[PDB]
């Protein structure tokens, strides 16, 4: 099955909610980084992401520090930047970002957009990739460019799951 053990969403129209923010960026910047991160995946699959302001969305997005209720604590500045749960009900699909990081919209360490795009890959059922140029590669490194789009390896990945 190509990616045994990695769940997938049964529906293509998913909702998401940004539960809180980070002092490092303006609220609009956080919202846009998230929107664009989702767009990277939507343009290469049938996935459609819709934002809600309250209630239970399919994908919860939040900034938390150290222990935050899911037995997968963050580690303070640097190191682990965020993590996301594979597709499923409840915590499934949720993405958490380390609130102790300096979040940016530049090449400066920990560009929210890039981190979120990577995490959403996980929220959608993708595992890490060995392709060093892939968005889902295990190590973060911001590579500035003109137009941002999903590397072909990541397109192969999402297509393999959702078409």
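Residue numbers count along the first chain shown, from 1.
Which has the higher mean CA temperature factor in the PDB entry, 17 to 25 or 141 to 149? 141 to 149 has the higher mean C-alpha B-factor.
Higher mean Cα B-factor in the deposited model: 36 to 44 or 50 to 58? Taking the mean C-alpha B-factor of 36 to 44 and of 50 to 58, the larger value falls to 50 to 58.
Name the residue from 129, 123, 65, 102 with the greatest C-alpha temperature factor listed in the entry. Largest recorded C-alpha B-factor: 102.
Checking the entry, which one of 31, 98, 119, 70 has the top C-alpha B factor? Result of the comparison over 31, 98, 119, 70: 70.
Relative C-alpha B-factor of residue 108, binned into the chain's lowest, middle or highest third: Top third by C-alpha B-factor.
Consider only the C-alpha atoms of the modelled residues in this chain, order them by B-factor as the entry records it, and name the third containing residue 93: lowest, middle or highest. Residue 93: CA B-factor falls in the lowest third of its chain.
Ranking every modelled residue in this chain by its Cα temperature factor as given in the entry, which third contains residue 158? Lowest third - that is where residue 158 ends up once the chain's C-alpha B-factors are sorted.
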